[PDB]
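Peer 1: This one is an experimental structure. Sequence first:
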Amino acid sequence: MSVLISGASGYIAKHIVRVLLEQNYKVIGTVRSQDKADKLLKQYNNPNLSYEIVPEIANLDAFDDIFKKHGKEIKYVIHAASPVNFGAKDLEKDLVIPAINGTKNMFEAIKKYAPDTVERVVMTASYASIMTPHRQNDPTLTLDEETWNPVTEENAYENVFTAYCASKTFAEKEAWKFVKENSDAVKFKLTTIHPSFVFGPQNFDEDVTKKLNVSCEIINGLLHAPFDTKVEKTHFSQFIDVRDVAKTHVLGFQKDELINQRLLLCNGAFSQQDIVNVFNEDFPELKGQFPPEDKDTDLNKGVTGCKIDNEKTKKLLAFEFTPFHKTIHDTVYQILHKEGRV
Ligand SMILES: NC(=O)c1ccc[n+]([C@@H]2O[C@H](COP(=O)([O-])OP(=O)(O)OC[C@H]3O[C@@H](n4cnc5c(N)ncnc54)[C@H](OP(=O)(O)O)[C@@H]3O)[C@@H](O)[C@H]2O)c1
């Protein structure tokens, strides 16, 4: 019963792999290069961990070799690989295609090589496949676990963000379509996880680099912004802590009540200024080294944008989510401590 995790070098995946190893699972991670496999193996230093090389999830039958090799021992699959970095003017080839093709590739590989062996697939979708991007600030829209981003292929590429959100939406659509079309052929049950913007520390301190992964780069850029930088105080989106996201993925293949569930991971609205306020509150001795405190935010005026109804998700998961102030605090502390400032 090993666990296969797609895209094991990224921000969220490294936490997922940490939780899996905490629970004594045997783990096979997918990474682009031997280069990245070598560094990861030294970071975890755990004999239960191995990596296979998948250079490009969009390519033909990308995951077939893994299942030809380990098909008999893999019992659970976490499909977390999807493009988050991409050329702003290659939205199809860098973003939508690998999102969709990586998902078809993973599911077809299971059907071809382990149809009666793989028991559960937990797929990292996104809050982006549930929400409507241009209605994040609309309090009359309520989102729940059965809501879908209505983006179409025609209007998907309005800008880089709608494109990414469409990439997650189209990929998830294909996953459920595959599941409904192959109920009797393949044995695995699918669970999708839908994080909103994921904040929290990098799994390893050494991965605190000059530029972080996209979601935490939001925090990192605000933390290093000149004191006079204009900070938006208007509602931006929902957040979730990476450690809750990692925990949720692992539960996702363990708990039978999470079968066929879309899990909506949000724990609070925020603006950029709400993040900046944590800097000033929690590290007052650094006041002036980053933009100032301002309590006049949408959030502090009762303004949180579209309504999040994830009561079903919270009941199913049963563990309590990490609050915003702590998530931001831990992100910031790890950066400042790495820099020798606190
Ligand atoms: N706010 C968030 O962070 C957030 C929210 C909702 C959902 N998600 C989803 O969580 C998952 C991980 O996101 P993240 O924040 O951890 O960003 P990340 O650090 O950039 O991780 C992305 C992972 O997927 C790999 N990947 C992307 N495209 C690939 C491709 N075409 N072929 C092979 N590997 C590919 C990446 O490897 P390389 O770096 O080597 O290319 C990396 O390991 C993604 O599916 C993302 O859509 C993230």
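Peer 2: Yes, it's here. Numbers count the residues shown, from 1 in each chain.
Peer 1: if I look at residue 131, how far off is residue 190?
Peer 2: Per C-beta to C-beta, to the nearest Å, residue 131 is found 20 Å from residue 190. To be clear about C-beta, it is placed using only N, CA and C from the backbone, and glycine gets the same treatment.
Peer 1: who's more crowded, those two?
Peer 2: Each of residue 131 and residue 190 has its neighbours counted (other C-beta atoms under 10 Å); residue 131 has more, 26 against 23.
Peer 1: hang on, isn't the more buried one packed against residue 143?
Peer 2: Yes. Contact criterion C-beta atoms under 8 Å: residue 131 and residue 143 qualify, at 5.7 Å.
Peer 1: The single nearest residue of the stretch 1-150 of the chain relative to the ligand: neighbouring residues, count only.
Peer 2: Ranked by C-beta to the nearest ligand atom, the top residue of the stretch 1-150 of the chain for proximity to the ligand is residue 10, at 2.0 Å. Neighbours of residue 10 under the rule other C-beta under 10 Å: 18.
Peer 1: same deal with residue 157?
Peer 2: By the criterion of other C-beta under 10 Å, residue 157 has 15 neighbours.
Peer 1: Contacts for stretch 38-52, please.
Peer 2: Stretch 38-52 is contacted by residues 8-9, 14, 17-18, 21, 24-31, 36-37, 65-66, 69-70, 204, 206 when judged by C-beta atoms under 8 Å, 6 or more residues apart in numbering.
Peer 1: Please repeat the previous calculation with a cut-off of 7 Å.
Peer 2: Contact partners of stretch 38-52, identified using C-beta atoms under 7 Å, 6 or more residues apart in numbering, comprise 8-9, 17, 21, 24-31, 37, 66, 204.
Peer 1: Quick one, which of these are buried?
Peer 2: Those of the contacts of stretch 38-52 that meet the buried threshold are 8-9, 17, 21, 25-31, 37, 66, by 16 or more other C-beta atoms under 10 Å.
Peer 1: Alongside the ligand, which residues does the stretch 101-250 of the chain contribute?
Peer 2: Contacts of the stretch 101-250 of the chain with the ligand, taken as C-beta under 6 Å from any ligand atom, map to 124, 126, 168, 195, 197-198, 213, 215.
Peer 1: Columns secondary structure and neighbour count on top of those, output as TSV?
Peer 2: Formatted as TSV, these follow (DSSP: H, G, I helix; E, B strand; the rest coil; neighbours: other C-beta atoms under 10 Å):
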residue	secondary structure	neighbour count
124	strand	28
126	coil	25
168	helix	26
195	strand	26
197	strand	19
198	strand	25
213	coil	18
215	helix	20
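Peer 1: With distance to residue 332 added, can I get those residues in a markdown table?
Peer 2: Shown next, in a markdown table, are those (distance: C-beta to C-beta, whole Å):
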| residue | distance to residue 332 |
| --- | --- |
| 124 | 25 |
| 126 | 24 |
| 168 | 27 |
| 195 | 20 |
| 197 | 15 |
| 198 | 15 |
| 213 | 16 |
| 215 | 14 |
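Peer 1: sorry, back to before: I'd like the buried ones among the contacts of stretch 38-52 as TSV, with secondary structure appended.
Peer 2: Shown next, in TSV, are these (DSSP: H, G, I helix; E, B strand; the rest coil):
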residue	secondary structure
8	coil
9	coil
17	helix
21	helix
25	coil
26	coil
27	strand
28	strand
29	strand
30	strand
31	strand
37	helix
66	helix
